[PDB]
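In the block that follows, a single chain appears as structure tokens, in the form deposited in one PDB entry.
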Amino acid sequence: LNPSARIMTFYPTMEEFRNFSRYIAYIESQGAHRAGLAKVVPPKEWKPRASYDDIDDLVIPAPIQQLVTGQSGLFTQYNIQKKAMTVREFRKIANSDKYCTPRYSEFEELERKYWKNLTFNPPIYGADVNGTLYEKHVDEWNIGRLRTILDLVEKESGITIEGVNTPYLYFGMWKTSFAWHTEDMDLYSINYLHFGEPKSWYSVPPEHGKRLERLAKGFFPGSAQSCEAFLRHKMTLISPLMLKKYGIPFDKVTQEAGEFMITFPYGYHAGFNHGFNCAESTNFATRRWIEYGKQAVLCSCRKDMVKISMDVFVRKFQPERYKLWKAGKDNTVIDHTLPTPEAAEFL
């Protein structure tokens, strides 16, 4: 139902909003997932926190300086880790005259300045901060407890993986970036921008993901040779012009404060922050993900790589396939357009 696989936007009513799992099934039934990325504007009367005036003392244990290098729309991003700092001192830096958002009229203009000045004046990104900004009693779309089947991991093994089955906070300033990547184990993610300047996103349809990898391997032959999935290192930036020039289908969308972005299995995404802002994210799953999890190609070169045992999911949700899967003979091919089984009630 999304032939053009464009990025859809949904405005759920407070009743529709209440059950998270259920609503994800609904937007998949609308074809949202085909774009790789989808936006969800929450009911006006929804708020996850009363005031963000109390966080100035919150610690960012490991702010990152993002050094980018390259030319002609192809870049590699190197992380230089800085000393800890509080949200307050970070916001002074972000708003300071050297790190703050350039002046501009339309978005396209800011986008052009980003791709022009990307390798200059390296910003700091308050990334991967363990925490949440939700109030204990928020029962709608609480990133800390979404109740999806991804809960099986910690439930059956006690295993937690920071930012994956726990939430992460990201304090951005102008010109800070996330490189091109799909999620760990090719999961879904949910991103909520608590406050501040927009965050803009690019995405390639999962249907065309393989194209983007082909392109990437040609541009960084070295990295590709050394690691089966070097894009998972999250150091590879590629401008939209470069994508256009080589025929990769992609779409754009700007996320403003108070909106959600949902990433879908094997949806490659990237983007940048407009200025000082704050976001929370974690991963989650649906039944549709299980198969992606089984076939996710994982980083083969680094020790600190996330690898979830699919075993528990295969027994509980694909019992008839388990033996065949452990014998390495499960040849299921994935149809990236099919909606998740739970969406049948909406069809």
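Rigid core: the largest C-alpha set superposing within 1.5 Å between the two forms. Residues that one form lacks are left out of the comparison. Throughout, we count residues from 1 along the sequence that is shown.
The form solved in complex with a partner chain exists for this protein as well; it is not shown, and the discussion that follows is about that form.
Using a 4.5 angstroms threshold between heavy atoms, residue 41 stays clear of the partner chain in the entry with it bound. Of the heavy atoms in residue 281, some are within 4.5 Å of the partner chain in the entry with it bound. Contact annotation: residue 130 falls within 4.5 Å of the partner chain in the entry with it bound, judged by heavy atom distances. Proximity of residue 161 to the partner chain in the entry with it bound falls within the 4.5 Å heavy atom cutoff.
Only one segment in the set 238-246, 202-210, 105-113, 181-189 has residues whose heavy atoms sit within 4.5 Å of the partner chain in the entry with it bound; it is 181-189.
After superposition on the rigid core, a single segment of 3 or more consecutive residues displaced by 2 Å or more at every C-alpha between this form and the one not shown is found, at 2-4.
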